[PDB]
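Reading through the structure tokens given below for one structure.
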Amino acid sequence: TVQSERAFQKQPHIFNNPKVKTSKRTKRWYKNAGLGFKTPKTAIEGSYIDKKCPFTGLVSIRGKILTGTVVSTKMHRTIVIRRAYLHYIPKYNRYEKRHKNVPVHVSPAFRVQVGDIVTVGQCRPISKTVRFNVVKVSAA
Amino acid sequence: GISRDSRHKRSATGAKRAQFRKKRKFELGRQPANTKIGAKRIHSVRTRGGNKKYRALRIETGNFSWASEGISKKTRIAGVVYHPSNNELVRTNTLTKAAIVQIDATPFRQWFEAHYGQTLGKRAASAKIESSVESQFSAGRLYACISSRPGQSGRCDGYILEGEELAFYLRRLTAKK
Amino acid sequence: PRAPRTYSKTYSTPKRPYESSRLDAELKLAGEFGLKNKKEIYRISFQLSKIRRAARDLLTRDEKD
Amino acid sequence: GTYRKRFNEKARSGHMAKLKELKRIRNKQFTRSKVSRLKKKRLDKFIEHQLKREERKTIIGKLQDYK
Amino acid sequence: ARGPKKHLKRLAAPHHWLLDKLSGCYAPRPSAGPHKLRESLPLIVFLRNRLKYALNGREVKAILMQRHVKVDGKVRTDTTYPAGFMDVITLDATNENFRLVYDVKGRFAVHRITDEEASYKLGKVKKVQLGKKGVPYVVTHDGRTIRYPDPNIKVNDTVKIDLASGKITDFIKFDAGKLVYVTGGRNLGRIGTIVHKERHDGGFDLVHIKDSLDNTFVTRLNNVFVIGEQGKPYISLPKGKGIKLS
RNA sequence: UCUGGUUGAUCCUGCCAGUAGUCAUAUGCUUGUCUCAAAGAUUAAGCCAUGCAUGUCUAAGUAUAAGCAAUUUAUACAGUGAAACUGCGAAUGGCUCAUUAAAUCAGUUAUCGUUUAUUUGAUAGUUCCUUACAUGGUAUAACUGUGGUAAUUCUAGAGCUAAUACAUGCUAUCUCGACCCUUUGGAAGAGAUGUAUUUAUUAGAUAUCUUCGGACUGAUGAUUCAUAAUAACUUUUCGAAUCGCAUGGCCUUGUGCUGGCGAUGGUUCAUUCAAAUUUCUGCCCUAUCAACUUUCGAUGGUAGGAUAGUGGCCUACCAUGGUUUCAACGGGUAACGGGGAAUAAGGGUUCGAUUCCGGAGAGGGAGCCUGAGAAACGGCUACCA
RNA sequence: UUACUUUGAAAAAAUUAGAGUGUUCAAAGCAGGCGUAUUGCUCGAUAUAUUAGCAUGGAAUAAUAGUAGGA
């Protein structure tokens, strides 16, 4: 469902006129977030309303583009990915493994299971903790 | 007394941050202006830069537009009907953004009668409009969504709830009654 | 608040101070050259030590470097 | 450090108040004068010994009663 | 710090001013104007420290207030005016024009200039937009706004500007094989031709440039500045012509 | 990092002796010249007498000082100029290192997420629309005068008078063009015509004849972007009632019409000096601190409020999440962070209150006014001391 | 594909390491000088990944992808 909530959901400033009768009963506005990330047809022709989807919402993808391996997919429209790197201890001349967990907002255009590898992009502060936005999935 | 820094919050990990510096004026807040219905009264707060910002304490009238044919008229606001955040706001008759208010019909129906050669209730292809809007006209009051921020611009502007909008809000009102 | 001048010590007491071969060395040097100070001898000793360390490092570099 | 023993706590009154706030809600996790201590300890031992004395005397009385 | 700073220390200055480290504690903080803080030369650092026509700040102020110095045709009386790059400063009582251009070592070199060449000024077209009432305008690299440009003037270009009228005499497109002057980073002052423009979307475009002795370097688009076609610069180049040697 | 000792002479282990420098801190005696230079420390960021450390005027905002200069073209003013109003600065500088352990800060990004005094560059005919523009209006200061109090950079009542303060407010240009004759064109007629504020709507898409002459929107990697258009709305802005030096051009001879150089100001964009938030990675000791955070916002969704603006920032209503043996949370820190300083052959170790950069603070909590910029302390208000 | 390694742009000045110069020497300090100046000449004034990000050349080493079946 789309309208499961106290307010009405719509793309603000997109208006479907009753007096004109058109084929598709609802008008969608969608864009491409550039950087060669092809927009998904599920977003183009879906029915969800997301203020933060990088393809239909009012957020632009700019700055850092990162990669993670999903860990929790288990709150609403946001996921938490894990980035693993190898810190370097110059005194011992060898390495050590580190990670840290980056919350990311995910559009409902994507089906992400735990474990699969995502590419995320930077966007303006979406919530307290989430700055990136899932921009491409890649199954594992 | 209202300040909006993020350093008094728990960290993301749930740690607790000790105070870093004294509170700053470039992150202040101000008291909400509960706009209510009544004779107009509008304070003007002075904002960063030299700018102004017209808090509306009480506002009566408003500018509301009929989207379908694309006109705008100044009307009167009768009272708040529904508000997607606080049924308390509905109780207290507080105008904010995204509210649903009942507005007076007369300017709209007069324009309609004078533009389409036909009365309401009781080129005809163009004159044909929605059943729900016609019913509201017969009653005399329309459902319109306030779509401005009376605490930021001292105004109530709005649009008249058309098809899918109005369907959704009538269901919500009827289900909540 | 101004930019600080650069100073630098011009000598350096040798490693092990009292060593009779070097005591007599300084004696011969001071006597035949009219000096007055183990400090003047140490000044020259420091200058030359710096020079020779420079030269040695260059030698250890490659020819035509 | 955070909770030191300052020179003038009286002049640092409010600083102490907010430090106590910070401390209490950080250690909500866990909670959720030495000679005076010695005097109390020895008072406890002395009163316990006197209790031992009276209980022993009472047991002496009961045993000479039940003999 | 609760507002703009009004002071500049002496160590904190831009290094290319060649300010001694002992004569004082403060350096001329350049007033706001056409060029950025760090890539501008104030009129006192030019009239006293480079030209040696003065000996004091109070002598420099005497010259300016006696109204001798014109920076791009207009008379400037601010003693920390930020004269910048590709600028024309004329001292008429001495009959001199100066194009401010970079020397090979990085520093601003005085470049003596004749009248017919002081008549104009190059500017790096840097923002082309559509102004109010629908007139389009270009914004160059020293603030200058120029309306009604040629439609074929695109960002990152050069426009040769008549100073007497604030107008655009003509322009040069940013294509491979043009001549390029460089204004930032390790290579500034080095003139060469532009070989390749390696363009990254979301990052910084790099440029591969090749100077006359066929020595190649890589800089950023922020730091390239197109001067003229091959072999013919539109301006008169300082001596050495931007060739770094051993 | 080694030197001496044991036994007839030799090798280990050991014992003994033997050593070092430290812008390290204290202190003792001596202290002539020349150049240079620093000048903290009680885990007391503990308390301060007194003086001073922030004011400001050009030809160009306001002078009838009962100020000074006479005197000489100045019977509105005109030189000089105290006082006071107005404008601006006072947010920088200087000082200290208490707090602060992903905080600060360092390198690296973003603003398609925002304010910006100033500087600098651009930029505002709206001709008309039924009943002063040779230029509206009222105040107030200094001043005159009457007074109060132990006392302060305290001030009351009454009388004057100015503005760049305050409050008001008025004065054709183009599209087509039948016709005319053709050039150098002129022409009946048809029509169009501010900005700012708020909302809604729309656009901003783009896989043959011949007189040889002529006729058949942008930017980005990406946008609801720039920009334009429609209908309305607004306790509503702006669209020059200001000032200096000059005195030219014209004539219907009116004290008529025109006009030069530059001061100040003003809307909207651009720039500059800034600012606020933010991406990536990196901190010392502690596991004899193993679970942490969630009522009292902890993680996320939606709507609103608030803000210069993003956002649990805050409030509602929802879900029940978030961090953690890759060490979270807690405790300690004689912890401001970095550039740098000392020193070792390397590897490392220790120092960095302290000449530059950043941050934070002005006895301790909190709070606010002005302003482009302050949660300011040589500003204000109350509370503790 | 990545780790990793090469080259590159980036890492403020001062400090450090160097070059030049008879501050009377020195500690230091600092950036042109000759000419027929009407068109010329001379020199020296460089270096300092120690991680994160960015672009780039890689063949090894350590991880990580990816032939078959029927008629």
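Lettering and numbering for the structure tokens are positional, with chains as A, B, ... in the shown order, residues counted from 1 in each chain, and ligands counted from 1 in the shown order.
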At a cut-off of 8 Å, which residues of chain B touch chain F? Count only C-alpha atoms (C1' of nucleotides) and give the answer as a CSV table (one decimal) with C-alpha atoms, in the first residue's frame.
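File written: result.csv
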```
chain,number,residue,atom,x,y,z
B,1,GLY,CA,16.0,29.3,26.0
B,3,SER,CA,18.6,26.0,21.2
B,4,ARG,CA,19.1,23.3,18.7
B,5,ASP,CA,22.6,22.0,18.8
B,6,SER,CA,23.4,18.3,18.4
B,10,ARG,CA,23.6,11.0,23.1
B,12,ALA,CA,25.2,7.4,17.9
B,13,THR,CA,26.8,4.7,20.0
B,14,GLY,CA,24.7,5.7,23.0
B,15,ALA,CA,27.6,7.4,24.7
B,17,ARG,CA,29.1,13.7,25.4
B,18,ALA,CA,30.3,16.2,28.0
B,19,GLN,CA,29.7,19.9,27.3
B,20,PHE,CA,32.1,21.3,24.7
B,21,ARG,CA,31.3,25.0,24.7
B,22,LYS,CA,28.8,27.6,25.8
B,23,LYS,CA,25.6,27.7,23.8
B,24,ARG,CA,25.7,29.8,20.7
B,25,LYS,CA,23.5,32.3,19.1
B,26,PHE,CA,23.9,31.0,15.6
B,27,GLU,CA,22.0,27.9,16.6
B,28,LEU,CA,19.2,29.4,18.5
B,29,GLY,CA,15.5,28.7,18.3
B,30,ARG,CA,12.4,30.8,19.1
B,31,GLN,CA,9.0,30.2,20.7
B,32,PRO,CA,6.5,28.6,18.3
B,42,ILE,CA,1.3,39.7,13.1
B,47,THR,CA,16.3,37.4,11.8
B,48,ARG,CA,20.0,36.7,11.1
B,49,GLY,CA,21.1,38.9,8.4
B,50,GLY,CA,18.8,41.8,8.7
B,62,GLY,CA,-6.5,33.6,3.6
B,63,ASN,CA,-5.6,33.1,0.0
B,64,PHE,CA,-6.9,29.8,-1.5
B,65,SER,CA,-6.6,28.5,-5.0
B,66,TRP,CA,-8.8,26.2,-7.1
B,67,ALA,CA,-6.2,24.1,-8.9
B,70,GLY,CA,-6.4,27.5,-12.0
B,71,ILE,CA,-7.7,30.5,-10.1
B,72,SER,CA,-7.1,32.0,-6.7
B,73,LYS,CA,-9.4,33.9,-4.4
B,74,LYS,CA,-9.2,35.4,-1.0
B,84,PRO,CA,-2.0,15.1,10.5
B,85,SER,CA,0.1,15.8,13.6
B,86,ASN,CA,-2.1,16.7,16.6
B,96,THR,CA,-0.1,25.5,10.6
B,97,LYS,CA,1.1,24.0,7.4
B,98,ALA,CA,-0.7,20.9,6.0
B,147,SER,CA,-0.1,25.0,2.5
B,148,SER,CA,2.0,27.8,3.9
B,153,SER,CA,5.3,34.4,6.4
B,155,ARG,CA,-0.1,34.0,5.8
B,157,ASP,CA,-2.6,30.2,1.7
B,158,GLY,CA,-4.0,26.9,0.5
B,159,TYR,CA,-5.5,24.8,-2.2
```
Using only C-alpha atoms, what does the table of chain C residues within 12 Å of chain E look like, with each row giving the shortest atom pair and its distance in Å to one decimal, sorted by chain and ascending number, as a tab-separated table?
```
residue	atom	partner	partner_atom	distance
C:1	CA	E:25	CA	6.6
C:2	CA	E:25	CA	5.1
C:3	CA	E:21	CA	5.9
C:4	CA	E:22	CA	8.3
C:5	CA	E:22	CA	8.3
C:6	CA	E:21	CA	11.2
```
Please produce an output containing N, CA and C atoms for each residue in the selection, written as a compact mmCIF listing (two decimals), in the first residue's frame.
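Contents of selection_0.txt, as written:
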```
# COMPACT_ATOMS: atom_id res chain seq x y z
N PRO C 1 54.92 37.30 19.76
CA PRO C 1 54.46 37.83 18.48
C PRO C 1 55.48 38.69 17.81
N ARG C 2 56.47 38.01 17.23
CA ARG C 2 57.27 38.46 16.11
C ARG C 2 57.95 37.22 15.57
N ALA C 3 58.66 37.35 14.48
CA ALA C 3 59.22 36.05 14.16
C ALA C 3 60.55 35.86 14.85
N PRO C 4 60.76 34.70 15.46
CA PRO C 4 61.94 34.52 16.32
C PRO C 4 63.22 34.39 15.51
N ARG C 5 64.29 35.02 15.98
CA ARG C 5 65.58 34.89 15.33
C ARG C 5 66.04 33.46 15.40
N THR C 6 66.97 33.11 14.53
CA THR C 6 67.58 31.80 14.58
C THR C 6 68.97 31.95 15.16
```
Straight-line distance linking atom CA of residue 165 of chain E with atom CA of residue 74 of chain E, stated in Å to one decimal: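 Those two atoms sit 11.4 Å apart.
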Distance filter 12 Å, only C-alpha atoms (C1' of nucleotides), chain F against chain C, as an NGL selection string: :F and (19-21 or 23 or 35-38 or 94 or 354-356)
For the selection you just gave me, I'd like the residues written to a file as a PDB file, in the first residue's frame, keeping N, CA, C and O atoms (P, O5', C5', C4', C3', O3' and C1' of nucleotides).
```pdb
ATOM      1  P     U F  19      82.219   6.472  38.936  1.00  0.00           P
ATOM      2  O5'   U F  19      81.514   6.725  37.528  1.00  0.00           O
ATOM      3  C5'   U F  19      82.180   7.425  36.493  1.00  0.00           C
ATOM      4  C4'   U F  19      81.576   7.134  35.144  1.00  0.00           C
ATOM      5  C3'   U F  19      80.283   7.847  34.799  1.00  0.00           C
ATOM      6  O3'   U F  19      80.474   9.204  34.434  1.00  0.00           O
ATOM      7  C1'   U F  19      80.179   5.583  34.092  1.00  0.00           C
ATOM      8  P     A F  20      79.444  10.335  34.931  1.00  0.00           P
ATOM      9  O5'   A F  20      79.288  11.287  33.672  1.00  0.00           O
ATOM     10  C5'   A F  20      79.880  10.952  32.433  1.00  0.00           C
ATOM     11  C4'   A F  20      78.854  10.387  31.489  1.00  0.00           C
ATOM     12  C3'   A F  20      77.652  11.278  31.190  1.00  0.00           C
ATOM     13  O3'   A F  20      77.903  12.202  30.128  1.00  0.00           O
ATOM     14  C1'   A F  20      76.987   8.991  31.567  1.00  0.00           C
ATOM     15  P     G F  21      78.549  13.660  30.399  1.00  0.00           P
ATOM     16  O5'   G F  21      78.003  14.591  29.217  1.00  0.00           O
ATOM     17  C5'   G F  21      77.008  15.592  29.436  1.00  0.00           C
ATOM     18  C4'   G F  21      75.671  15.159  28.876  1.00  0.00           C
ATOM     19  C3'   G F  21      74.427  15.918  29.352  1.00  0.00           C
ATOM     20  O3'   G F  21      74.124  17.060  28.569  1.00  0.00           O
ATOM     21  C1'   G F  21      74.090  13.599  29.629  1.00  0.00           C
ATOM     22  P     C F  23      68.968  20.240  28.582  1.00  0.00           P
ATOM     23  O5'   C F  23      67.804  20.828  27.672  1.00  0.00           O
ATOM     24  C5'   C F  23      68.096  21.676  26.573  1.00  0.00           C
ATOM     25  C4'   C F  23      67.925  23.102  26.991  1.00  0.00           C
ATOM     26  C3'   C F  23      66.948  23.298  28.132  1.00  0.00           C
ATOM     27  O3'   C F  23      67.550  23.046  29.387  1.00  0.00           O
ATOM     28  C1'   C F  23      66.461  24.831  26.407  1.00  0.00           C
ATOM     29  P     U F  35      76.298  46.546  20.625  1.00  0.00           P
ATOM     30  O5'   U F  35      75.770  45.313  19.788  1.00  0.00           O
ATOM     31  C5'   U F  35      75.821  45.328  18.374  1.00  0.00           C
ATOM     32  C4'   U F  35      75.406  44.004  17.794  1.00  0.00           C
ATOM     33  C3'   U F  35      74.030  43.519  18.185  1.00  0.00           C
ATOM     34  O3'   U F  35      73.010  44.106  17.411  1.00  0.00           O
ATOM     35  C1'   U F  35      75.562  41.782  18.480  1.00  0.00           C
ATOM     36  P     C F  36      71.506  44.142  17.932  1.00  0.00           P
ATOM     37  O5'   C F  36      71.190  42.637  18.271  1.00  0.00           O
ATOM     38  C5'   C F  36      70.766  41.743  17.263  1.00  0.00           C
ATOM     39  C4'   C F  36      70.613  40.360  17.817  1.00  0.00           C
ATOM     40  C3'   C F  36      69.390  40.104  18.652  1.00  0.00           C
ATOM     41  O3'   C F  36      68.216  39.933  17.898  1.00  0.00           O
ATOM     42  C1'   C F  36      71.248  39.211  19.737  1.00  0.00           C
ATOM     43  P     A F  37      66.850  40.577  18.417  1.00  0.00           P
ATOM     44  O5'   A F  37      66.459  39.669  19.654  1.00  0.00           O
ATOM     45  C5'   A F  37      65.958  38.362  19.453  1.00  0.00           C
ATOM     46  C4'   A F  37      66.242  37.479  20.630  1.00  0.00           C
ATOM     47  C3'   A F  37      65.294  37.601  21.800  1.00  0.00           C
ATOM     48  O3'   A F  37      64.096  36.877  21.623  1.00  0.00           O
ATOM     49  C1'   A F  37      67.488  37.703  22.586  1.00  0.00           C
ATOM     50  P     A F  38      62.711  37.531  22.074  1.00  0.00           P
ATOM     51  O5'   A F  38      62.313  36.736  23.378  1.00  0.00           O
ATOM     52  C5'   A F  38      62.038  35.355  23.318  1.00  0.00           C
ATOM     53  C4'   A F  38      62.397  34.694  24.613  1.00  0.00           C
ATOM     54  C3'   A F  38      61.545  35.077  25.802  1.00  0.00           C
ATOM     55  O3'   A F  38      60.369  34.307  25.888  1.00  0.00           O
ATOM     56  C1'   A F  38      63.805  35.253  26.380  1.00  0.00           C
ATOM     57  P     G F  94      47.237  39.840  18.311  1.00  0.00           P
ATOM     58  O5'   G F  94      47.171  39.973  19.880  1.00  0.00           O
ATOM     59  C5'   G F  94      48.242  40.567  20.576  1.00  0.00           C
ATOM     60  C4'   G F  94      47.832  41.001  21.946  1.00  0.00           C
ATOM     61  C3'   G F  94      47.810  39.939  23.001  1.00  0.00           C
ATOM     62  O3'   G F  94      49.090  39.608  23.473  1.00  0.00           O
ATOM     63  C1'   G F  94      45.862  41.167  23.143  1.00  0.00           C
ATOM     64  P     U F 354      50.159  26.764  24.098  1.00  0.00           P
ATOM     65  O5'   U F 354      51.500  27.557  24.302  1.00  0.00           O
ATOM     66  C5'   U F 354      51.458  28.914  24.679  1.00  0.00           C
ATOM     67  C4'   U F 354      52.830  29.514  24.744  1.00  0.00           C
ATOM     68  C3'   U F 354      53.638  29.494  23.469  1.00  0.00           C
ATOM     69  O3'   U F 354      53.259  30.505  22.568  1.00  0.00           O
ATOM     70  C1'   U F 354      54.991  28.880  25.284  1.00  0.00           C
ATOM     71  P     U F 355      52.941  30.152  21.047  1.00  0.00           P
ATOM     72  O5'   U F 355      53.851  31.157  20.218  1.00  0.00           O
ATOM     73  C5'   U F 355      53.713  32.537  20.476  1.00  0.00           C
ATOM     74  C4'   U F 355      54.346  33.458  19.457  1.00  0.00           C
ATOM     75  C3'   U F 355      54.435  33.022  17.996  1.00  0.00           C
ATOM     76  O3'   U F 355      54.172  34.154  17.173  1.00  0.00           O
ATOM     77  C1'   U F 355      56.516  33.761  18.733  1.00  0.00           C
ATOM     78  P     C F 356      52.686  34.505  16.721  1.00  0.00           P
ATOM     79  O5'   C F 356      52.448  33.583  15.469  1.00  0.00           O
ATOM     80  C5'   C F 356      52.409  34.112  14.162  1.00  0.00           C
ATOM     81  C4'   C F 356      52.102  33.021  13.191  1.00  0.00           C
ATOM     82  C3'   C F 356      50.719  32.447  13.316  1.00  0.00           C
ATOM     83  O3'   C F 356      49.736  33.203  12.651  1.00  0.00           O
ATOM     84  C1'   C F 356      52.268  30.702  13.312  1.00  0.00           C
TER      85        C F 356
END
```
Residue 75 of chain E environment, 10 Å, only C-alpha atoms (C1' of nucleotides), sequence neighbours closer than 6 positions dropped, as a ChimeraX atom specification: /E:64-65,67-69,89-90
Shell around residue 2 of chain G at 12 Å using only C-alpha atoms (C1' of nucleotides), local window under 4 positions removed, as a ChimeraX atom specification: /A:85 /G:62-65
Write a file of the selected residues as a PDB file, in the first residue's frame, keeping C-alpha atoms (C1' of nucleotides).
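Done, and the output landed in result_23.pdb:
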```pdb
ATOM      1  CA  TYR A  85      39.729  -1.818   6.091  1.00  0.00           C
TER       2      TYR A  85
ATOM      3  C1'   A G  62      48.131 -13.322  -0.998  1.00  0.00           C
ATOM      4  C1'   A G  63      42.868 -13.226  -1.583  1.00  0.00           C
ATOM      5  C1'   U G  64      38.498 -13.135  -5.526  1.00  0.00           C
ATOM      6  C1'   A G  65      35.677 -14.111  -9.819  1.00  0.00           C
TER       7        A G  65
END
```
Residues of chain D within 6 Å of chain F, only C-alpha atoms (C1' of nucleotides) counted, as a count of residues only: 4
Residue neighbourhood segment 25-29 of chain C, 12 Å, only C-alpha atoms (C1' of nucleotides), exclusion window fewer than 2 positions, as JSON, numbers by chain: {"C": [14, 17, 18, 19, 20, 21, 22, 23, 31, 32, 33, 34, 35, 36, 37, 38, 39, 40, 41, 42, 44, 45]}
For segment 169-178 of chain E: contacts at 7 Å, only C-alpha atoms (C1' of nucleotides), fewer than 6 positions along chain excluded, given as a ChimeraX atom specification: /E:156-162,193-196,226,228-230
Distance query segment 6-23 of chain G at most 8 Å, only C-alpha atoms (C1' of nucleotides), self and fewer than 3 positions along chain excluded, as a VMD selection string: (chain C and resid 3) or (chain E and resid 11 to 15 218 to 220) or (chain F and resid 107 340 356) or (chain G and resid 28 to 29 44 to 48 55 to 58)
Filtered DSSP result for chain A, state strand (DSSP E or B), as a PyMOL selection string: chain A and resi 65-72+78-89+94-105+117-122+132-138
Atomic distance atom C1' of residue 60 of chain G - atom CA of residue 86 of chain A, expressed in Å with one decimal: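 Value for the atom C1' of residue 60 of chain G-atom CA of residue 86 of chain A distance: 22.0 Å.
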With only C-alpha atoms (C1' of nucleotides) counted and 7 Å as the cut-off, give the residues of chain E in contact with chain F, each with its shortest interatomic distance in Å and the pair that gives it, as a Markdown table.
```
| residue | atom | partner | partner_atom | distance |
| --- | --- | --- | --- | --- |
| E:2 | CA | F:91 | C1' | 4.8 |
| E:3 | CA | F:91 | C1' | 5.0 |
| E:4 | CA | F:274 | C1' | 5.4 |
| E:5 | CA | F:92 | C1' | 5.6 |
| E:6 | CA | F:92 | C1' | 5.4 |
| E:11 | CA | F:356 | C1' | 6.3 |
| E:12 | CA | F:356 | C1' | 6.4 |
| E:31 | CA | F:119 | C1' | 6.8 |
| E:32 | CA | F:119 | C1' | 4.6 |
| E:33 | CA | F:119 | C1' | 4.6 |
| E:34 | CA | F:120 | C1' | 5.2 |
| E:35 | CA | F:272 | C1' | 6.8 |
| E:36 | CA | F:272 | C1' | 6.5 |
| E:129 | CA | F:226 | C1' | 6.4 |
| E:130 | CA | F:226 | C1' | 5.8 |
| E:131 | CA | F:227 | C1' | 6.9 |
| E:132 | CA | F:227 | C1' | 6.9 |
| E:134 | CA | F:227 | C1' | 5.8 |
| E:139 | CA | F:270 | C1' | 6.8 |
| E:143 | CA | F:271 | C1' | 4.4 |
| E:144 | CA | F:121 | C1' | 4.4 |
| E:145 | CA | F:121 | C1' | 5.2 |
| E:201 | CA | F:221 | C1' | 4.7 |
| E:202 | CA | F:221 | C1' | 6.0 |
```
Include N, CA, C and O atoms and write out the residues we just selected as a CSV table (one decimal), in the first residue's frame.
```csv
chain,number,residue,atom,x,y,z
E,2,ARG,N,34.5,35.9,16.6
E,2,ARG,CA,33.1,36.2,16.5
E,2,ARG,C,32.7,37.0,15.3
E,2,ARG,O,31.6,37.6,15.2
E,3,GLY,N,33.6,37.2,14.3
E,3,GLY,CA,33.3,38.0,13.2
E,3,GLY,C,34.5,38.0,12.3
E,3,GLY,O,35.4,37.2,12.5
E,4,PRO,N,34.5,38.7,11.2
E,4,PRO,CA,35.7,38.7,10.3
E,4,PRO,C,36.9,39.3,11.0
E,4,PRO,O,36.8,40.1,12.0
E,5,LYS,N,38.1,38.8,10.6
E,5,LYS,CA,39.3,39.2,11.1
E,5,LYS,C,39.8,40.4,10.3
E,5,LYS,O,39.5,40.6,9.1
E,6,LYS,N,40.5,41.3,11.0
E,6,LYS,CA,40.9,42.6,10.3
E,6,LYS,C,42.4,42.7,10.3
E,6,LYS,O,42.9,43.7,9.8
E,11,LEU,N,54.2,36.1,9.5
E,11,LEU,CA,54.4,34.8,9.1
E,11,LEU,C,53.3,34.2,8.3
E,11,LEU,O,53.5,33.4,7.3
E,12,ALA,N,52.0,34.5,8.7
E,12,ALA,CA,50.9,34.0,8.0
E,12,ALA,C,50.6,34.6,6.7
E,12,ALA,O,49.6,34.2,6.1
E,31,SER,N,42.3,44.3,1.4
E,31,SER,CA,40.9,44.5,1.6
E,31,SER,C,40.1,43.6,0.6
E,31,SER,O,40.7,43.1,-0.4
E,32,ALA,N,38.8,43.4,0.9
E,32,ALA,CA,38.0,42.6,0.0
E,32,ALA,C,37.9,43.3,-1.3
E,32,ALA,O,37.8,44.5,-1.4
E,33,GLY,N,37.8,42.5,-2.4
E,33,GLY,CA,37.8,43.1,-3.7
E,33,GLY,C,37.7,42.1,-4.8
E,33,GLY,O,36.9,41.1,-4.7
E,34,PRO,N,38.4,42.3,-5.9
E,34,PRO,CA,38.3,41.4,-7.1
E,34,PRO,C,38.9,40.0,-6.8
E,34,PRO,O,38.3,39.0,-7.2
E,35,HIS,N,40.0,39.9,-6.2
E,35,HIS,CA,40.8,38.7,-6.2
E,35,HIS,C,40.8,38.2,-4.7
E,35,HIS,O,40.6,38.9,-3.8
E,36,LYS,N,41.0,36.9,-4.6
E,36,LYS,CA,40.9,36.2,-3.4
E,36,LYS,C,42.0,36.7,-2.4
E,36,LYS,O,42.9,37.3,-2.9
E,129,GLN,N,25.6,32.4,-17.0
E,129,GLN,CA,24.2,32.2,-16.4
E,129,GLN,C,23.2,33.0,-17.2
E,129,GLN,O,23.6,33.8,-18.1
E,130,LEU,N,22.0,33.0,-16.7
E,130,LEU,CA,20.9,33.7,-17.4
E,130,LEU,C,20.4,34.6,-16.3
E,130,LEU,O,19.7,34.2,-15.4
E,131,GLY,N,20.7,35.9,-16.5
E,131,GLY,CA,20.3,36.9,-15.5
E,131,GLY,C,18.9,37.3,-15.6
E,131,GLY,O,18.1,36.8,-16.4
E,132,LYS,N,18.5,38.2,-14.7
E,132,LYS,CA,17.1,38.6,-14.6
E,132,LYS,C,16.7,39.3,-15.9
E,132,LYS,O,17.5,39.9,-16.5
E,134,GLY,N,16.1,37.8,-18.4
E,134,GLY,CA,16.5,36.9,-19.4
E,134,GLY,C,17.7,37.3,-20.2
E,134,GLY,O,18.1,36.6,-21.2
E,139,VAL,N,30.6,35.7,-15.9
E,139,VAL,CA,31.4,36.1,-14.7
E,139,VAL,C,32.8,35.7,-14.9
E,139,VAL,O,33.0,34.5,-15.1
E,143,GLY,N,35.7,38.9,-10.5
E,143,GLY,CA,34.4,39.5,-10.2
E,143,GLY,C,33.7,40.0,-11.4
E,143,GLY,O,32.4,40.0,-11.4
E,144,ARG,N,34.3,40.5,-12.4
E,144,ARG,CA,33.7,41.2,-13.5
E,144,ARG,C,32.5,40.5,-14.1
E,144,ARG,O,32.6,39.3,-14.5
E,145,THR,N,31.3,41.2,-14.1
E,145,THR,CA,30.2,40.6,-14.8
E,145,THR,C,30.0,41.3,-16.1
E,145,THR,O,30.2,42.5,-16.2
E,201,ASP,N,33.9,13.0,-13.4
E,201,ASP,CA,32.6,13.5,-13.0
E,201,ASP,C,32.4,13.3,-11.5
E,201,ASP,O,32.3,12.2,-11.0
E,202,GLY,N,32.3,14.4,-10.8
E,202,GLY,CA,32.2,14.4,-9.4
E,202,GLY,C,33.5,14.7,-8.7
E,202,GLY,O,33.4,15.0,-7.5
```
Chain G contacts on chain A, only C-alpha atoms (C1' of nucleotides), 12 Å, as a ChimeraX atom specification: /A:63-65,85-91,95,140
Atom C1' of residue 125 of chain F to atom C1' of residue 193 of chain F, distance in Å rounded to a single decimal: 12.1 Å
Counting only C-alpha atoms, what are the residues of chain A within 12 Å of chain E, and for each of them which pair of atoms is the nearest and at what distance in Å, to one decimal? Sort the table by chain and rising number, as a Markdown table.
```
| residue | atom | partner | partner_atom | distance |
| --- | --- | --- | --- | --- |
| A:33 | CA | E:202 | CA | 11.6 |
| A:34 | CA | E:201 | CA | 8.9 |
| A:35 | CA | E:201 | CA | 6.7 |
| A:36 | CA | E:201 | CA | 9.5 |
| A:61 | CA | E:202 | CA | 9.6 |
| A:62 | CA | E:202 | CA | 6.9 |
| A:63 | CA | E:202 | CA | 6.6 |
| A:64 | CA | E:202 | CA | 8.7 |
| A:65 | CA | E:202 | CA | 9.5 |
| A:121 | CA | E:202 | CA | 11.3 |
| A:122 | CA | E:202 | CA | 11.3 |
```
